[PDB]
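So that the names make sense, note that chain A is the first sequence line, chain B the second, and so on, each numbered from 1. We count ligands from 1, going down the list as the structure has it; atoms in each ligand are counted the same way. Values below: all heavy atoms of this structure, side chains included; hydrogens, waters and symmetry mates excluded.
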Amino acid sequence: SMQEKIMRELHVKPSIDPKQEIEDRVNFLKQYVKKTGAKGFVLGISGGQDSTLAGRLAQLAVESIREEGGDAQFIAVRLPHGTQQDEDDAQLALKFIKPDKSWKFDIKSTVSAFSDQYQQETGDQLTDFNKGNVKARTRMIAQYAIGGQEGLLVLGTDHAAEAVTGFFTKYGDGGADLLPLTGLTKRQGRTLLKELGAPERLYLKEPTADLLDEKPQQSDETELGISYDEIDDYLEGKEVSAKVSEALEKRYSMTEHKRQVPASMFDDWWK
Amino acid sequence: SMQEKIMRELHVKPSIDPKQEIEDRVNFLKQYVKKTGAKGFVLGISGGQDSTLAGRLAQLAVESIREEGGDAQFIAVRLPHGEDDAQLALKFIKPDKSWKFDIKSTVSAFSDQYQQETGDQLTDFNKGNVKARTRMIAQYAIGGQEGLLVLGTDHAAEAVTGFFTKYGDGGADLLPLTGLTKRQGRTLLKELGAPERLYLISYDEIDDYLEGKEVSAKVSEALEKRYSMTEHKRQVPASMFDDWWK
Ligand SMILES: Nc1ncnc2c1ncn2[C@@H]1O[C@H](COP(=O)(O)OP(=O)(O)OC[C@H]2O[C@@H]([n+]3cccc(C(=O)O)c3)[C@H](O)[C@@H]2O)[C@@H](O)[C@H]1O
Ligand SMILES: Nc1ncnc2c1ncn2[C@@H]1O[C@H](COP(=O)(O)OP(=O)(O)OC[C@H]2O[C@@H]([n+]3cccc(C(=O)O)c3)[C@H](O)[C@@H]2O)[C@@H](O)[C@H]1O
Ligand SMILES: Nc1ncnc2c1ncn2[C@@H]1O[C@H](COP(=O)(O)OP(=O)(O)OP(=O)(O)O)[C@@H](O)[C@H]1O
Ligand SMILES: [Mg+2]
């Protein structure tokens with residue numbers, strides 16, 4: 001069964017124990033830190049559900065490590081491109097996460113320098129969509145710069161509901177060192193945030209990439225054409241309409257390249 | 001045996017037929033592009049051995065596809081930070097298109113912004129990684145604008161040591177040089193008829209290790225340690241369901 005295969009590959013559990021999931025994921029963060037001797041984590045905080053959840057998990061892991069006598073820190077970073085329309089949500093997220101450190105890095109001048117150079121070098125102007133991907137990749141650079149400067153690992157917010165659609169920028173937000181949210185569907189992530197006591201605003205808002213200058217705050221569902229609820233039912237193994245299966249299985253096959261290391265002639269997944 | 005395990009995982013062959021290797025690798029590029037419907041490839045050309053080799057294979061692949069009546073193009077891009085060898089490489093590769101994207105203004109802006117926001121200046125090392133990642137962005141910007149796949153120049157000798165920037169020069173779509181040792185790549189370049197100026201622990205020691213030849217315990221222990229330490233660069237981001245990191 002395709003549904004069954006996609007579920008196993010994305011590590012989705014049809015039924016979770018919220019409390020245990022948090023314990024498991026915080027323990028994963030701690031184990032990884034100890035194994036690598038890293039000093040902690042850095043994660044861009046957007047004000048959206050995913051980074052809010054990953055952020056809180058990283059803070060809990062770091063506090064748990066210190067409590068045991070270890071040394072670890074967590075730097076949450078605001079990465080606006082100029083003014084962020086929902087900056088207030090990002091600030092709310094920070095108030096909830098309570099990170100050790102809250103930094104900010106405005107990516108606008110870097111993206112502008114890039115775009116200008118692009119037009120200068122090719123005579124062409126970057127399309128809104130392509131510039132959006134430059135923004136996502138510039139955020140990865142900003143996080144790795146901070147991680148490299150301070151000796152921290154970069155957390156990624158990828159989870160099953162976005163992995164299934166390849167709904168992330170290759171080497172942009174998809175570029176991270178570890179993924180604490182792997183296998184969680186969108187509603188399961190929301191369940192974890194409720195368990196953690198997060199303000200409802202953070203999980204009630206519409207998921208957005210917010211990468212376009214022409215259409216800022218464009219909802220994921222708008223670009224995708226499927227709702228997160230249909231995506232989650234599928235991932236959780238619920239019998240869904242053939243229209244959902246067909247759309248998702250098609251999207252999954254086309255984005256396999258985003259879930260694998262660069263392709264070589266010795267790889268079969270692409271044939 | 002660690003040497004044997006590594007050799008198997010990196011797909012290195014003890015000996016190669018240079019003519020056949022070129023054919024197989026050109027075929028891989030043609031096959032991948034055809035499977036995907038992409039319009040061609042983009043590759044940053046530095047004047048170095050690896051990109052010169054990857055570039056020539058890409059140009060041959062694109063010419064092969066057009067020969068079969070298809071549509072494919074190769075854009076070689078110079079990515080200076082603000083050139084003689086790169087020019088020699090271009091003369092040898094003869095790409096359909098030869099572009100340039102100076103990354104200095106982007107890196108400077110990032111660098112100034114980092115100092116403003118943090119109060120810290122980016123150290124040389126970290127600034128080097130920013131340059132590698134900016135090159136990745138430029139290649140993908142071009143690829144995204146033109147509908148091309150980004151080629152990576154990673155090979156076995158570079159993969160064992162993790163000597164590349166994660167999401168920088170390591171960020172690519174396909175890897176035509178996978179499994180090749182440094183010396184084997186030199187052999188392919190010679191076979192292709194590249195000028196010597198382009199293809200000319202000990203890097204030759206790394207090659208011996210990868211090809212399954214006997215090396216000192218010092219070489220082995222060194223490489224095997226560096227290999228396990230860089231596993232994270234050869235895998236997708238780690239999750240609790242992954243085992244390789246434990
Ligand atoms: N089959 C293939 N094999 C190997 N590589 C392949 C490939 N097909 C394309 N490629 C490459 O992949 C590239 C396309 O992938 P990518 O560059 O990711 O670009 P793309 O998928 O076209 O854009 C990223 C998308 O994910 C989204 N996203 C991004 C960032 C954040 C969020 C969020 O909600 O915050 C959502 C977004 O809104 C957009 O819909 C191509 O230019 C190409 O170089
Ligand atoms: N075990 C772990 N699990 C998950 N992630 C881990 C990790 N340990 C560190 N990390 C991370 O990855 C990082 C370090 O890797 P990375 O950022 O690649 O940085 P790094 O390994 O420091 O890359 C720079 C270097 O690679 C070489 N290089 C660089 C650029 C180009 C080329 C060329 O020849 O063209 C060669 C070179 O010999 C050199 O000094 C961290 O800052 C951290 O985020
Ligand atoms: N404006 C920004 N400020 C800080 N970090 C950012 C910014 N925009 C995106 N990111 C980051 O890159 C990511 C990918 O963004 P994405 O929109 O998929 O996630 P999210 O916003 O946390 O939640 P949702 O997916 O529900 O919108 C993050 O989750 C976050 O770490
Ligand atoms: Mg968002």
- Item | For B:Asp207, salt bridge (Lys or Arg N to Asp or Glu O under 4.0 Å) partners two or more places apart | B:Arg183
- Task: Could you tell me whether B:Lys35 approaches ligand 1 through its side chain, its backbone, both or neither, with non-hydrogen atoms closer than 4.0 Å?
- Result: neither
- Which bit of A:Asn133 is near ligand 1, meaning a heavy atom under 4.0 Å away: side chain, backbone, both or neither? side chain
Between [options], flag the one that comes closest to [atom] by a heavy atom.
| atom | options | answer |
| --- | --- | --- |
| atom 16 (P) of ligand 2 | B:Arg133, B:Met229, B:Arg135, B:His232 | B:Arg133 |
| atom 22 (O) of ligand 2 | A:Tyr144, B:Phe125, A:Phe41 | B:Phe125 |
| atom 36 (C) of ligand 2 | A:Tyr32, B:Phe163, B:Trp245 | B:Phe163 |
| atom 43 (C) of ligand 2 | B:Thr230, A:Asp177, A:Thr36, A:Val42 | A:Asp177 |

Atom indices of ligand 1 within 4.0 angstrom of [X] heavy atoms, with elements:
| X | value |
| --- | --- |
| B:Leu149 | 5 (N), 6 (C), 7 (C), 10 (N) |
| B:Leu148 | 44 (O) |
| A:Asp220 | 34 (O) |
| A:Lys170 | 4 (C), 5 (N), 12 (O), 16 (P), 18 (O) |
| A:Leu211 | 29 (C), 30 (C), 31 (C) |

- Assess B:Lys233 for proximity to ligand 2: is some non-hydrogen atom of it under 4.0 Å away? yes
- Query: Without hydrogens or angle criteria, can the side chains of B:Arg226 and B:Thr230 be said to hold a donor-acceptor pair below 3.5 Å?
  - Reply: no
- Message: Under a plain distance cut-off of 3.5 Å, with no hydrogens placed, do B:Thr153 and B:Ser51 share a side-chain donor-acceptor pair?
- Response: no
- Item | 2.8 Å shell around the Mg ion (ligand 4), exclusive bound, protein N/O/S atoms | 1
- Closest non-hydrogen contact found for B:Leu175 with B:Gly152 is CD2-CA, 3.8 Å
- Tell me whether the centres of the aromatic rings in A:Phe105 and B:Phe110 are closer together than 6.0 Å. yes
